[PDB]
>>> print(open('model18.txt').read())   # compact mmCIF, C-alpha atoms
# COMPACT_ATOMS: atom_id res chain seq x y z
CA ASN Z 351 -0.44 -26.53 -25.37
CA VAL Z 352 -3.78 -24.74 -24.97
CA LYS Z 353 -2.44 -21.38 -23.73
CA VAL Z 354 0.26 -21.10 -26.43
CA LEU Z 355 -2.36 -22.03 -29.03
CA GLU Z 356 -4.63 -19.13 -28.01
CA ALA Z 357 -1.66 -16.77 -27.73
CA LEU Z 358 -0.63 -17.55 -31.32
CA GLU Z 359 -4.09 -17.26 -32.91
CA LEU Z 360 -3.80 -13.69 -34.20
CA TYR Z 361 -0.36 -14.45 -35.66
CA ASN Z 362 -1.63 -17.47 -37.58
CA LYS Z 363 -4.74 -15.67 -38.84
CA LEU Z 364 -2.50 -12.91 -40.18
CA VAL Z 365 0.00 -15.20 -41.94
CA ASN Z 366 -2.70 -17.47 -43.39
CA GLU Z 367 -4.32 -14.41 -45.04
CA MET D 1 17.68 -11.48 -40.61
CA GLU D 2 16.59 -14.78 -39.02
CA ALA D 3 20.02 -15.35 -37.47
CA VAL D 4 20.23 -12.00 -35.67
CA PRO D 5 21.38 -12.40 -32.05
CA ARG D 6 18.42 -11.91 -29.72
CA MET D 7 17.80 -8.75 -27.70
CA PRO D 8 17.49 -9.15 -23.92
CA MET D 9 14.09 -8.76 -22.28
CA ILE D 10 12.93 -6.84 -19.21
CA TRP D 11 11.21 -8.65 -16.35
CA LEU D 12 9.76 -7.44 -13.05
CA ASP D 13 10.64 -8.39 -9.47
CA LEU D 14 8.01 -10.03 -7.27
CA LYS D 15 6.69 -8.00 -4.33
CA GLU D 16 7.64 -9.07 -0.81
CA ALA D 17 4.82 -10.00 1.56
CA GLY D 18 4.24 -9.03 5.16
CA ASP D 19 1.57 -10.56 7.38
CA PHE D 20 -2.05 -11.47 6.69
CA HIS D 21 -3.42 -13.04 9.87
CA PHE D 22 -6.86 -14.14 8.66
CA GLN D 23 -7.34 -17.09 11.03
CA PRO D 24 -8.40 -15.32 14.26
CA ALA D 25 -10.88 -13.11 12.37
CA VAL D 26 -12.37 -16.02 10.41
CA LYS D 27 -12.78 -18.17 13.53
CA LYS D 28 -14.36 -15.29 15.46
CA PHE D 29 -16.77 -14.72 12.58
CA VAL D 30 -17.90 -18.33 12.16
CA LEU D 31 -18.25 -18.86 15.92
CA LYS D 32 -20.96 -16.18 15.73
CA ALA D 33 -23.55 -18.65 14.42
CA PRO D 38 -18.15 -25.59 16.42
CA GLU D 39 -14.41 -25.93 15.74
CA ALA D 40 -14.47 -23.11 13.22
CA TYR D 41 -12.86 -24.09 9.88
CA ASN D 42 -9.74 -25.13 11.82
CA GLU D 43 -8.35 -27.65 9.33
CA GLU D 44 -9.50 -25.51 6.41
CA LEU D 45 -7.66 -22.43 7.71
CA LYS D 46 -4.51 -24.52 8.20
CA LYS D 47 -4.65 -25.49 4.51
CA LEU D 48 -5.05 -21.87 3.41
CA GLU D 49 -2.15 -20.84 5.66
CA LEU D 50 0.09 -23.41 3.96
CA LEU D 51 -1.14 -22.18 0.57
CA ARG D 52 -0.25 -18.58 1.42
CA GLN D 53 3.19 -19.61 2.68
CA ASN D 54 3.83 -21.42 -0.60
CA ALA D 55 2.56 -18.44 -2.60
CA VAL D 56 4.53 -15.71 -0.81
CA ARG D 57 7.70 -17.81 -1.15
CA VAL D 58 6.81 -19.04 -4.62
CA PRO D 59 9.35 -21.10 -6.59
CA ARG D 60 10.41 -19.03 -9.59
CA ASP D 61 9.12 -21.54 -12.16
CA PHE D 62 6.07 -22.45 -14.26
CA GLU D 63 4.55 -24.59 -11.51
CA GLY D 64 4.86 -21.53 -9.29
CA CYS D 65 2.31 -19.75 -11.47
CA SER D 66 -0.16 -22.48 -10.54
CA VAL D 67 0.59 -21.90 -6.85
CA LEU D 68 -0.15 -18.19 -7.18
CA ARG D 69 -3.35 -18.79 -9.14
CA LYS D 70 -4.66 -21.41 -6.70
CA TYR D 71 -4.07 -19.14 -3.70
CA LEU D 72 -5.64 -16.21 -5.55
CA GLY D 73 -8.72 -18.33 -6.19
CA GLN D 74 -9.05 -19.53 -2.60
CA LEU D 75 -8.76 -15.90 -1.51
CA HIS D 76 -11.84 -15.17 -3.62
CA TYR D 77 -13.71 -18.09 -2.03
CA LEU D 78 -12.84 -16.80 1.45
CA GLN D 79 -13.88 -13.28 0.46
CA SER D 80 -17.32 -14.62 -0.47
CA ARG D 81 -17.91 -16.45 2.83
CA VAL D 82 -16.20 -14.11 5.29
CA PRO D 83 -16.43 -10.29 5.04
CA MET D 84 -12.77 -9.22 5.06
CA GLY D 85 -13.06 -6.32 2.62
CA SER D 86 -12.64 -2.63 3.41
CA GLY D 87 -14.84 -1.56 6.33
CA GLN D 88 -16.15 -5.09 6.85
CA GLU D 89 -16.28 -6.68 10.32
CA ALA D 90 -13.79 -9.54 9.78
CA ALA D 91 -11.21 -7.39 7.97
CA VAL D 92 -7.60 -7.62 9.20
CA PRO D 93 -4.45 -5.73 8.18
CA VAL D 94 -2.72 -6.87 4.97
CA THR D 95 0.90 -5.78 4.63
CA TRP D 96 3.11 -5.82 1.53
CA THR D 97 6.28 -3.94 0.60
CA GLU D 98 5.99 -1.21 -2.01
CA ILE D 99 8.68 -2.31 -4.46
CA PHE D 100 9.99 1.10 -5.58
CA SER D 101 10.42 2.70 -2.14
CA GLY D 102 10.76 -0.44 -0.03
CA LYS D 103 8.03 0.94 2.21
CA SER D 104 5.66 -1.35 4.09
CA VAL D 105 2.09 -0.54 3.05
CA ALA D 106 -0.84 -1.87 5.07
CA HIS D 107 -4.54 -2.13 4.24
CA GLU D 108 -7.31 -3.85 6.18
CA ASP D 109 -8.71 -5.37 3.00
CA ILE D 110 -8.42 -8.91 1.59
CA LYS D 111 -8.49 -7.45 -1.93
CA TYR D 112 -5.11 -5.84 -1.25
CA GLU D 113 -3.71 -9.33 -0.68
CA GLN D 114 -5.43 -10.52 -3.86
CA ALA D 115 -3.96 -7.58 -5.76
CA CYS D 116 -0.38 -8.28 -4.68
CA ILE D 117 -0.74 -11.97 -5.53
CA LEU D 118 -2.05 -11.04 -8.98
CA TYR D 119 0.85 -8.61 -9.38
CA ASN D 120 3.36 -11.36 -8.59
CA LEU D 121 1.61 -13.63 -11.08
CA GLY D 122 2.33 -11.02 -13.74
CA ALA D 123 5.87 -10.53 -12.49
CA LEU D 124 6.60 -14.27 -12.50
CA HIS D 125 5.29 -14.60 -16.06
CA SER D 126 7.56 -11.72 -17.09
CA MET D 127 10.47 -13.70 -15.63
CA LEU D 128 9.56 -16.97 -17.36
CA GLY D 129 9.15 -15.19 -20.69
CA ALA D 130 12.61 -13.65 -20.45
CA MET D 131 14.58 -16.86 -19.78
CA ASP D 132 14.61 -18.71 -23.12
CA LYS D 133 17.30 -17.74 -25.64
CA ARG D 134 14.52 -17.65 -28.24
CA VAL D 135 16.49 -19.33 -31.01
CA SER D 136 13.89 -22.11 -31.22
CA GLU D 137 10.39 -21.55 -32.58
CA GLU D 138 8.81 -22.98 -29.43
CA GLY D 139 11.07 -20.80 -27.31
CA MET D 140 9.65 -17.77 -29.11
CA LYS D 141 6.06 -19.02 -28.84
CA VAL D 142 6.28 -19.81 -25.12
CA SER D 143 8.11 -16.56 -24.31
CA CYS D 144 5.46 -14.66 -26.26
CA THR D 145 2.69 -16.46 -24.36
CA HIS D 146 4.27 -15.67 -20.98
CA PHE D 147 4.52 -11.97 -21.83
CA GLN D 148 0.87 -11.91 -22.89
CA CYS D 149 -0.01 -13.66 -19.62
CA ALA D 150 2.00 -11.07 -17.70
CA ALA D 151 0.15 -8.32 -19.56
CA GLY D 152 -3.10 -10.12 -18.75
CA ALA D 153 -2.36 -10.15 -15.03
CA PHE D 154 -1.41 -6.47 -14.83
CA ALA D 155 -4.35 -5.44 -17.02
CA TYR D 156 -6.83 -7.44 -14.92
CA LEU D 157 -5.21 -5.94 -11.83
CA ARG D 158 -5.55 -2.38 -13.12
CA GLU D 159 -9.20 -2.76 -14.14
CA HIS D 160 -10.59 -4.79 -11.24
CA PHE D 161 -8.55 -3.34 -8.38
CA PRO D 162 -9.01 0.41 -8.95
CA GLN D 163 -8.25 1.44 -5.35
CA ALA D 164 -4.54 1.54 -6.25
CA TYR D 165 -3.29 0.32 -2.88
CA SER D 166 0.31 1.41 -3.51
CA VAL D 167 2.23 3.44 -6.12
CA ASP D 168 3.74 0.34 -7.74
CA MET D 169 0.20 -0.76 -8.64
CA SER D 170 -1.18 2.56 -9.89
CA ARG D 171 -3.02 2.80 -13.22
CA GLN D 172 -0.12 4.58 -14.93
CA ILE D 173 2.48 2.07 -13.72
CA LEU D 174 0.34 -0.98 -14.52
CA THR D 175 -0.35 0.38 -18.02
CA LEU D 176 3.40 0.80 -18.50
CA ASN D 177 3.85 -2.82 -17.42
CA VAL D 178 1.11 -3.93 -19.83
CA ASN D 179 2.56 -2.09 -22.84
CA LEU D 180 6.10 -3.27 -22.06
CA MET D 181 4.90 -6.88 -21.88
CA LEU D 182 2.85 -6.59 -25.08
CA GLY D 183 5.84 -5.02 -26.80
CA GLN D 184 8.08 -7.89 -25.72
CA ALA D 185 5.36 -10.34 -26.74
CA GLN D 186 5.08 -8.80 -30.22
CA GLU D 187 8.88 -8.81 -30.45
CA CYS D 188 8.86 -12.58 -29.97
CA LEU D 189 6.43 -12.79 -32.88
CA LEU D 190 8.75 -10.69 -35.04
CA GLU D 191 11.52 -13.19 -34.35
CA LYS D 192 9.12 -15.99 -35.28
CA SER D 193 7.95 -14.20 -38.44
CA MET D 194 11.57 -14.08 -39.61
CA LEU D 195 12.20 -17.71 -38.62
CA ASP D 196 9.05 -18.73 -40.48
CA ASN D 197 10.23 -16.63 -43.46
CA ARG D 198 6.93 -14.77 -43.84
CA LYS D 199 6.25 -12.22 -46.58
CA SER D 200 8.57 -9.22 -46.12
CA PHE D 201 5.57 -6.89 -45.92
CA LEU D 202 4.08 -8.85 -43.01
CA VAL D 203 7.40 -8.82 -41.13
CA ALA D 204 7.39 -5.05 -41.58
CA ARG D 205 3.87 -4.70 -40.14
CA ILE D 206 4.80 -6.92 -37.18
CA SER D 207 8.00 -4.97 -36.48
CA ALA D 208 6.13 -1.68 -36.83
CA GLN D 209 3.75 -2.86 -34.10
CA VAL D 210 6.72 -3.64 -31.83
CA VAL D 211 7.75 0.00 -32.22
CA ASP D 212 4.23 1.20 -31.39
CA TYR D 213 4.03 -0.77 -28.13
CA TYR D 214 7.53 0.33 -27.11
CA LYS D 215 6.69 3.97 -27.88
CA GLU D 216 3.80 3.81 -25.42
CA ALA D 217 6.10 2.20 -22.86
CA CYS D 218 8.81 4.81 -23.39
CA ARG D 219 6.09 7.47 -23.19
CA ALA D 220 5.19 6.41 -19.66
CA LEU D 221 8.86 6.20 -18.66
CA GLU D 222 9.31 9.78 -19.86
CA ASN D 223 6.60 11.00 -17.50
CA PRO D 224 8.70 12.93 -14.94
CA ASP D 225 6.48 11.93 -12.02
CA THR D 226 6.64 8.27 -13.07
CA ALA D 227 10.39 8.58 -13.64
CA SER D 228 11.05 9.95 -10.15
CA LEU D 229 8.94 7.12 -8.72
CA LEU D 230 10.89 4.37 -10.50
CA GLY D 231 14.30 5.98 -10.03
CA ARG D 232 17.08 4.00 -11.68
CA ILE D 233 14.62 1.38 -12.92
CA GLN D 234 13.27 4.06 -15.27
CA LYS D 235 16.82 4.79 -16.44
CA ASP D 236 17.54 1.07 -16.90
CA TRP D 237 14.29 0.24 -18.73
CA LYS D 238 14.32 3.38 -20.89
CA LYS D 239 17.81 2.65 -22.25
CA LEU D 240 16.69 -0.66 -23.74
CA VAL D 241 13.19 0.43 -24.79
CA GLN D 242 14.32 3.62 -26.55
CA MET D 243 17.10 1.70 -28.30
CA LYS D 244 14.58 -0.93 -29.39
CA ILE D 245 12.26 1.73 -30.83
CA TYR D 246 14.85 2.73 -33.44
CA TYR D 247 16.09 -0.84 -33.85
CA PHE D 248 12.68 -2.25 -34.78
CA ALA D 249 11.93 0.81 -36.87
CA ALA D 250 15.07 -0.10 -38.80
CA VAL D 251 13.92 -3.73 -39.08
CA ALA D 252 10.53 -2.57 -40.34
CA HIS D 253 12.01 -0.41 -43.10
CA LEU D 254 14.53 -3.13 -43.98
CA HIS D 255 11.60 -5.37 -44.88
CA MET D 256 9.65 -2.61 -46.62
CA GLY D 257 12.83 -2.31 -48.67
CA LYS D 258 12.70 -6.04 -49.32
CA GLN D 259 9.09 -5.72 -50.51
CA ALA D 260 10.26 -3.00 -52.88
CA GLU D 261 12.93 -5.39 -54.19
CA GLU D 262 10.27 -8.05 -54.76
CA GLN D 263 8.06 -5.53 -56.57
CA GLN D 264 11.06 -4.41 -58.65
CA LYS D 265 10.70 -0.85 -57.33
CA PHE D 266 14.40 -0.09 -57.05
CA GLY D 267 14.13 3.61 -56.21
CA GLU D 268 11.79 2.84 -53.32
CA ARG D 269 14.12 0.01 -52.28
CA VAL D 270 17.05 2.43 -51.81
CA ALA D 271 14.84 4.87 -49.90
CA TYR D 272 13.74 2.23 -47.38
CA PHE D 273 17.23 0.73 -46.97
CA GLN D 274 18.69 4.19 -46.35
CA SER D 275 16.01 4.92 -43.76
CA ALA D 276 16.73 1.60 -42.03
CA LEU D 277 20.46 2.38 -41.95
CA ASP D 278 19.84 5.85 -40.48
CA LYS D 279 17.50 4.42 -37.84
CA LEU D 280 19.89 1.60 -36.95
CA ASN D 281 22.78 4.04 -36.49
CA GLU D 282 20.55 6.02 -34.12
CA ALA D 283 19.87 2.83 -32.17
CA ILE D 284 23.62 2.09 -32.03
CA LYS D 285 24.27 5.57 -30.63
CA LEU D 286 21.55 4.97 -28.03
CA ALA D 287 22.95 1.53 -27.20
CA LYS D 288 26.27 2.92 -25.95
CA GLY D 289 27.30 1.17 -22.74
CA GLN D 290 24.68 -1.58 -23.05
CA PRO D 291 25.60 -5.32 -22.77
CA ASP D 292 27.37 -7.29 -25.54
CA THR D 293 24.06 -9.05 -26.25
CA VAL D 294 22.59 -5.75 -27.45
CA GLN D 295 25.81 -4.88 -29.29
CA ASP D 296 25.96 -8.27 -31.02
CA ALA D 297 22.40 -7.92 -32.34
CA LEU D 298 23.08 -4.40 -33.64
CA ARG D 299 26.39 -5.45 -35.20
CA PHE D 300 24.69 -8.28 -37.07
CA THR D 301 21.93 -6.00 -38.33
CA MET D 302 24.48 -3.36 -39.39
CA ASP D 303 26.10 -5.96 -41.65
CA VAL D 304 22.76 -6.91 -43.26
CA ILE D 305 21.35 -3.40 -43.75
CA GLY D 306 24.77 -1.99 -44.69
CA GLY D 307 25.38 -4.59 -47.39
CA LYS D 308 21.85 -4.36 -48.79
CA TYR D 309 21.94 -0.55 -48.89
CA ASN D 310 25.22 -0.59 -50.81
CA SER D 311 24.02 -3.13 -53.38
CA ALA D 312 20.65 -1.41 -53.81
CA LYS D 313 22.17 2.05 -54.32
CA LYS D 314 24.82 0.49 -56.59
CA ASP D 315 22.25 -1.18 -58.84
CA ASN D 316 20.13 1.98 -58.98
CA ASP D 317 23.06 4.30 -59.73
CA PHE D 318 24.48 2.08 -62.48
CA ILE D 319 21.45 0.28 -63.93
CA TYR D 320 17.90 1.30 -63.02
CA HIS D 321 18.42 5.07 -62.55
CA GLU D 322 15.16 5.42 -60.63
CA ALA D 323 14.18 8.45 -58.57
CA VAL D 324 14.64 7.85 -54.83
CA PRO D 325 11.32 9.00 -53.31
CA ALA D 326 10.94 10.84 -50.01
CA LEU D 327 9.43 8.54 -47.38
CA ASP D 328 6.55 10.96 -46.76
CA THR D 329 5.24 10.27 -50.26
CA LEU D 330 4.96 6.53 -49.58
CA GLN D 331 2.15 4.61 -47.85
CA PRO D 332 3.24 4.25 -44.19
CA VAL D 333 3.42 0.82 -42.55
CA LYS D 334 0.42 0.01 -40.36
CA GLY D 335 1.32 -1.94 -37.23
CA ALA D 336 -0.27 -5.36 -36.89
CA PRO D 337 -1.39 -6.04 -33.30
CA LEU D 338 -0.97 -9.78 -32.71
CA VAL D 339 -0.80 -9.76 -28.91
CA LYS D 340 -3.16 -8.95 -26.04
CA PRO D 341 -3.50 -9.19 -22.26
CA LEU D 342 -4.67 -12.80 -21.98
CA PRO D 343 -7.82 -13.12 -19.79
CA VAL D 344 -7.40 -13.94 -16.11
CA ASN D 345 -10.25 -15.64 -14.23
CA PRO D 346 -9.50 -15.81 -10.47
CA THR D 347 -12.28 -18.33 -9.84
CA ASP D 348 -11.43 -20.74 -12.67
CA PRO D 349 -12.10 -24.18 -11.15
CA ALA D 350 -9.36 -25.58 -13.38
CA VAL D 351 -6.72 -23.54 -11.51
CA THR D 352 -8.25 -23.12 -8.03
CA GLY D 353 -9.64 -26.56 -7.33
CA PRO D 354 -12.47 -27.10 -4.81
CA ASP D 355 -13.51 -24.28 -2.46
CA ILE D 356 -11.40 -25.00 0.64
CA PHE D 357 -14.21 -23.64 2.82
CA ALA D 358 -16.92 -25.87 1.33
CA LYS D 359 -19.35 -26.69 4.14
CA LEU D 360 -22.15 -29.22 3.61
CA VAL D 361 -23.49 -28.97 7.18
>>> encode(input="model18.txt", output="structure tokens")
Amino acid sequence: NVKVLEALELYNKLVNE
Amino acid sequence: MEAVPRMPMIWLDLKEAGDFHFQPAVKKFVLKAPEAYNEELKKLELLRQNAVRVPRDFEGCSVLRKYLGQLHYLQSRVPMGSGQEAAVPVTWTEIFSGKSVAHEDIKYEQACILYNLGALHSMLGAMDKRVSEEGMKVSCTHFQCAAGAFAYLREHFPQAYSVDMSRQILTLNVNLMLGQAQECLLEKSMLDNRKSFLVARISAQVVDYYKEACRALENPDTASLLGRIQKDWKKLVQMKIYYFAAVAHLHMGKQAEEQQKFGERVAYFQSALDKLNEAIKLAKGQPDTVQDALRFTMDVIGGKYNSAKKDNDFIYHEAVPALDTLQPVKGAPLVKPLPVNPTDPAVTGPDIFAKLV
């Protein structure tokens, strides 16, 4: 899911330090 | 806690369309150079009909986007903008007053379609129960898409054709959607069991977005415009402000527990309990869904406060600091109005009015 992937980018950057 | 019953979400109604009789104007314009885009106009007419009566599902978003794109293609070939020679009346219903508002401007039609794209996304985001991780992720995405539509609308359609699409109102819509998007991420952060400090930053951001939303709802002129919608939205939003403030401080308390700072731990837990009680007071009369979430959180925060104060009073004997002496939580913005591109070939398909000879 391309849209969901982009939408979740900031979240994942935050949690992965 | 990860198992907390989910708060309900706000979504927006789609605007109702009147007429947009583009065909006679288009034909008259192209005859000014044989059978005048006749099949092509028929296709666009069908596309509008599908769009203005859009199925309230995910495929419906595609319908709205495709029509929006073809409207841009038409705009570029036939002058139907304000003051232009092939412009015809566009009529839509202003959603707050129920008034029919007309403009001889194809951009007005584009604007209302873009509005309904945002509204439909707000609907789709609010339907999942958000107990699943994917439910949270997809709901979050929809809310960011809704924010993206309203934000694009506000910035690229500045004429403000009707009060329901004014800069103030659209900004309220944007901040509400971003708040609900960030809230989905808070739910995910707890399901993923992230570091307590991160959960606090995420929850603190939820509060920040909701504050800006509540701010706009507390504008008296905006409030009179919305009427009972303002009353209905503000009940939930204001409640959520104290709720997610409580959740933030609950997790700052958890960080304190991890850092073995037991005085600080009591201070944060007490703050959370005070804030939650304020949310409970504000939630009077609201649905069982809201009550069930608050009940659950009262159990968690209430138990943890008691244990924390118990351990400190009997064992650790640490000073309970005033909150104003502690480093305040900085909100972590993890959501944004996702970019809309009206002329994206992926969503529009071929220019309906493509003319080789």
>>> closest_atom_pairs(input="model18.txt", of="chain Z", to="chain D", cutoff="7 Å", atoms="all atoms listed in the file", output="tab-separated table")
residue	atom	partner	partner_atom	distance
Z:354	CA	D:145	CA	5.6
Z:357	CA	D:145	CA	5.5
Z:360	CA	D:338	CA	5.1
Z:361	CA	D:338	CA	5.6
>>> closest_residue(input="model18.txt", among="D:73, D:224, D:129, D:122", to="residue 355 in chain D", atoms="all atoms listed in the file")
D:73
>>> atom_distance(input="model18.txt", atom1="CA of residue 321 in chain D", atom2="CA of residue 250 in chain D")
24.5 Å
>>> atom_distance(input="model18.txt", atom1="CA of residue 106 in chain D", atom2="CA of residue 93 in chain D")
6.1 Å
>>> build_atoms(input="model18.txt", residues="range 354-367 of chain Z", atoms="N, CA, C and O atoms", output="PDB file, in the coordinates of the input")
ATOM      1  N   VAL Z 354      -0.571 -21.499 -25.292  1.00  0.00           N
ATOM      2  CA  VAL Z 354       0.260 -21.100 -26.430  1.00  0.00           C
ATOM      3  C   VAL Z 354      -0.563 -21.029 -27.716  1.00  0.00           C
ATOM      4  O   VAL Z 354      -0.390 -20.119 -28.530  1.00  0.00           O
ATOM      5  N   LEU Z 355      -1.464 -21.992 -27.882  1.00  0.00           N
ATOM      6  CA  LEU Z 355      -2.360 -22.030 -29.030  1.00  0.00           C
ATOM      7  C   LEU Z 355      -3.196 -20.750 -29.131  1.00  0.00           C
ATOM      8  O   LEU Z 355      -3.239 -20.119 -30.187  1.00  0.00           O
ATOM      9  N   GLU Z 356      -3.843 -20.364 -28.034  1.00  0.00           N
ATOM     10  CA  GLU Z 356      -4.630 -19.130 -28.010  1.00  0.00           C
ATOM     11  C   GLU Z 356      -3.748 -17.914 -28.260  1.00  0.00           C
ATOM     12  O   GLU Z 356      -4.113 -17.021 -29.021  1.00  0.00           O
ATOM     13  N   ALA Z 357      -2.583 -17.892 -27.620  1.00  0.00           N
ATOM     14  CA  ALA Z 357      -1.660 -16.770 -27.730  1.00  0.00           C
ATOM     15  C   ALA Z 357      -1.167 -16.545 -29.157  1.00  0.00           C
ATOM     16  O   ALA Z 357      -0.793 -15.431 -29.522  1.00  0.00           O
ATOM     17  N   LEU Z 358      -1.161 -17.608 -29.957  1.00  0.00           N
ATOM     18  CA  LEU Z 358      -0.630 -17.550 -31.320  1.00  0.00           C
ATOM     19  C   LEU Z 358      -1.703 -17.413 -32.398  1.00  0.00           C
ATOM     20  O   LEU Z 358      -1.389 -17.407 -33.588  1.00  0.00           O
ATOM     21  N   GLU Z 359      -2.961 -17.294 -31.980  1.00  0.00           N
ATOM     22  CA  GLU Z 359      -4.090 -17.260 -32.910  1.00  0.00           C
ATOM     23  C   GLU Z 359      -4.039 -16.100 -33.896  1.00  0.00           C
ATOM     24  O   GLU Z 359      -4.155 -16.300 -35.106  1.00  0.00           O
ATOM     25  N   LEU Z 360      -3.874 -14.890 -33.372  1.00  0.00           N
ATOM     26  CA  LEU Z 360      -3.800 -13.690 -34.200  1.00  0.00           C
ATOM     27  C   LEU Z 360      -2.665 -13.772 -35.222  1.00  0.00           C
ATOM     28  O   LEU Z 360      -2.838 -13.393 -36.381  1.00  0.00           O
ATOM     29  N   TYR Z 361      -1.509 -14.264 -34.781  1.00  0.00           N
ATOM     30  CA  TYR Z 361      -0.360 -14.450 -35.660  1.00  0.00           C
ATOM     31  C   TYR Z 361      -0.726 -15.332 -36.846  1.00  0.00           C
ATOM     32  O   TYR Z 361      -0.499 -14.967 -37.999  1.00  0.00           O
ATOM     33  N   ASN Z 362      -1.292 -16.499 -36.550  1.00  0.00           N
ATOM     34  CA  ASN Z 362      -1.630 -17.470 -37.580  1.00  0.00           C
ATOM     35  C   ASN Z 362      -2.732 -17.003 -38.528  1.00  0.00           C
ATOM     36  O   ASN Z 362      -2.706 -17.315 -39.717  1.00  0.00           O
ATOM     37  N   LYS Z 363      -3.698 -16.258 -38.000  1.00  0.00           N
ATOM     38  CA  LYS Z 363      -4.740 -15.670 -38.840  1.00  0.00           C
ATOM     39  C   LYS Z 363      -4.126 -14.685 -39.821  1.00  0.00           C
ATOM     40  O   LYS Z 363      -4.509 -14.644 -40.990  1.00  0.00           O
ATOM     41  N   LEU Z 364      -3.167 -13.901 -39.343  1.00  0.00           N
ATOM     42  CA  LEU Z 364      -2.500 -12.910 -40.180  1.00  0.00           C
ATOM     43  C   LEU Z 364      -1.708 -13.563 -41.314  1.00  0.00           C
ATOM     44  O   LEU Z 364      -1.849 -13.180 -42.475  1.00  0.00           O
ATOM     45  N   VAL Z 365      -0.887 -14.552 -40.968  1.00  0.00           N
ATOM     46  CA  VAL Z 365       0.000 -15.200 -41.940  1.00  0.00           C
ATOM     47  C   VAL Z 365      -0.737 -16.122 -42.910  1.00  0.00           C
ATOM     48  O   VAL Z 365      -0.255 -16.377 -44.013  1.00  0.00           O
ATOM     49  N   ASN Z 366      -1.897 -16.630 -42.502  1.00  0.00           N
ATOM     50  CA  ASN Z 366      -2.700 -17.470 -43.390  1.00  0.00           C
ATOM     51  C   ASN Z 366      -3.719 -16.648 -44.189  1.00  0.00           C
ATOM     52  O   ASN Z 366      -4.708 -17.193 -44.687  1.00  0.00           O
ATOM     53  N   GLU Z 367      -3.456 -15.346 -44.306  1.00  0.00           N
ATOM     54  CA  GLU Z 367      -4.320 -14.410 -45.040  1.00  0.00           C
ATOM     55  C   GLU Z 367      -5.688 -14.224 -44.391  1.00  0.00           C
ATOM     56  O   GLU Z 367      -5.971 -13.173 -43.817  1.00  0.00           O
TER      57      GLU Z 367
END
